[PDB]
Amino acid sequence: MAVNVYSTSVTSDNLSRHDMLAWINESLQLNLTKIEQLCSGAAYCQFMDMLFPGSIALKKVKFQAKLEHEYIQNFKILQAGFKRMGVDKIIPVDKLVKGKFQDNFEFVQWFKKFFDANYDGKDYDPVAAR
């Protein structure tokens, strides 16, 4: 079971958008230019596999999703991973999939704290995983 992160948890400082995109892009070998591109759910799905290999149905993830309904499919895969791992955060899927900056940036700030609380340092080939 995962370590949960709450608003009352003591965590590292929030990241700038620049540093947050650097973390995503460097860790997953991606080239996101905007935080709202996290609306597809695919990066979160991959980060869950990196934290807990086998927690996510990676073969079902649509890594090249461009339509809101596909984003929803990816987020349902993420939700199933959260449930498997005892993660009690409610993901605001309906909001995130709209692809707006503020909601997407709020969730990723939480997600990065969740990631930092659970990451074991393992090597991970995010390209080979896709």
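Counting begins at 1, following the sequence as shown.
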Higher-B stretch (mean Cα B-factor, as the entry records it), 11 to 19 or 113 to 121:
11 to 19
Using only C-alpha atoms and the B-factors in the entry, which stretch averages higher, 77 to 85 or 96 to 104?
96 to 104
Given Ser27, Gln64, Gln46, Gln37, identify the residue with the highest C-alpha B factor in the PDB entry.
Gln64
By its CA B factor, does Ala57 count among the lowest, middle or highest third of the modelled residues in the chain?
highest
